[PDB]
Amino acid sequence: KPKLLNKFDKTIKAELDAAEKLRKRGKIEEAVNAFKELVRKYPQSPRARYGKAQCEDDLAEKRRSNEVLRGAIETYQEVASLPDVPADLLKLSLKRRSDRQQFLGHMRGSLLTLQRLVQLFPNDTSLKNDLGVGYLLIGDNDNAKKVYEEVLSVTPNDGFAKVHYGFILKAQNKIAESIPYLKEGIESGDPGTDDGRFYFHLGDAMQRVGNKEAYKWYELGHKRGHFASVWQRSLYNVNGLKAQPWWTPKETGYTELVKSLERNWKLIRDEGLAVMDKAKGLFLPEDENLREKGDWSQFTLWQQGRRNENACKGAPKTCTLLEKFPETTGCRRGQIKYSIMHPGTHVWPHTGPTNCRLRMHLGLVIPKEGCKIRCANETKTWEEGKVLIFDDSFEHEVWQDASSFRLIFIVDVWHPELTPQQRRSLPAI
C-alpha cells in the first residue's frame, strides 16, 4: 500500500481519514467542505490538498464540468509545492494531473507535467513510457523516439516501449526495422501493447515487405476486437454499420448527390484543370506514406466539415454546387478533394481511419487504359462522368500504368445508416 502521509499529516490523520471517508462514502459536497476546511487549517498539509483535488475531481465527474476539473488540475499541482511531500503522494498527484490534462485536450500541459514527473523519478520507466506518449499525442515523433530509445537502453525487453518504438519507426518508413519491435512488443502481452494500432501497422508493414504472415496478425487483431474483419481494418468505428466494399448510389440513398456530380461533371473537371494549370501549388503531394512510387497530389475543398475558403476560390462553382449536400460538406470524418495521379504510380494497399464514411469517386480525366482501383476482392476502373462508391475502411489498392495523367474528384459522405445525432457528435477525423 502507498505511503501518503508525512509526519506532519500523521499528527492530523484522524481529521484526514474523516474527510476521506466522506468522499469514499460518496458524500462529495460535504467532503469538499471537509478538505477545504483542512486546507484552511493546515495550508502546509499535502494530504489535505490531495484530498481537496480528488474531491474536485469527483465533483467534475458528477457535474460533467471541465471548469471544475481544471480547478482540480491546479490543486493537484499545489500538492507538489508543499513541504515534505511523500514520494508516493507526489507521483500520484502529478500523474492524475497529467491524466486529467489529457482528458481535457491540454496536451502541451500534460507534456510539461510528464516532463516534471520524469525528472522527479528518473528510475521510473513507466513515467518515461508515459512521457513518450505525451510527445506522440502532440505529433513530436522525434522526441518521442528518443524517449523510447532511452527506455530500451535500460529495459530492452519492455514491450510497451517496443511497440511504440516500432510504431515510430514505421511512421518513418523503416518498414523492415519496425516489424520485430511491433511483433515482439505484441507477443509480450504487456499492458498497453494490445492496441489495434500495432496490429494494423505490423501487418501492413509485413505486406509491404512481402511477409505473408501479415493476415495472421490481422486475424488476431480481429479476434481481439480491434478490426471488424480482416479486410475492414479501420480503428475509429461505429459498430453495426453495414459493411461492404462497393456500394451502388441507390444503396447509399445519396442519389441526388450522385446525379448532381454526374450531370455537372465537366464543370467539376474544368475547375480542377484550371487549378492545375494556374495554381499547381494548391495540389499537395500525398504525405501519408501510401505510395510505393509515382506522382500523386490532392487539392482539398473540404476537410473535417470545414470549407477551405482559398481552395474554393479556385473551384467556386463546384463548391457552391456541393453546398446543397450537407451529407458530404458536413461530413467531419471525410474530405472533398480533387486527386491527380500520373503514370508509374502504385499505391500500397491501405485503409482509411474510419468506417463512418463512404467514398465517392467521380471520374474527370481517365486515360483509356492503365488505371484501376481495387477494394477488397473487387477491382474496378473509373469512367469520365461516372461515380464509383467504395468503403475505404476496407483495404484498397490503386495502379496508374497509363500513358497520361488521371484526374478524379473524391467526395466523402457520412455512412447512410448513421443517425443525425451521430453526425453532429462524432469527433472529427
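A residue's number is simply how far along the shown sequence it sits, counting from 1.
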| property | result |
| --- | --- |
| 221-229 versus 348-356 - which carries the larger mean C-alpha B factor in the record | 221-229 |
| Of 198-206 and 267-275, the stretch whose C-alpha atoms average the higher B-factor in the entry | 198-206 |
| Out of 329, 101, 173, 339, residue topping the C-alpha B-factor column of the entry | 173 |
| Selection by C-alpha B-factor (highest) of 380, 386, 64, 49 | 64 |
| Chain-relative CA temperature factor third for residue 16 | middle |
| Third of the chain's Cα B-factor distribution that residue 30 belongs to, per the entry | highest |
| Third of the chain's Cα B-factor distribution that residue 391 belongs to, per the entry | lowest |
| Residue 397, C-alpha B-factor rank within chain (lowest, middle or highest third) | lowest |
| Cα B factor band for residue 38 (lowest, middle or highest third within the chain) | highest |
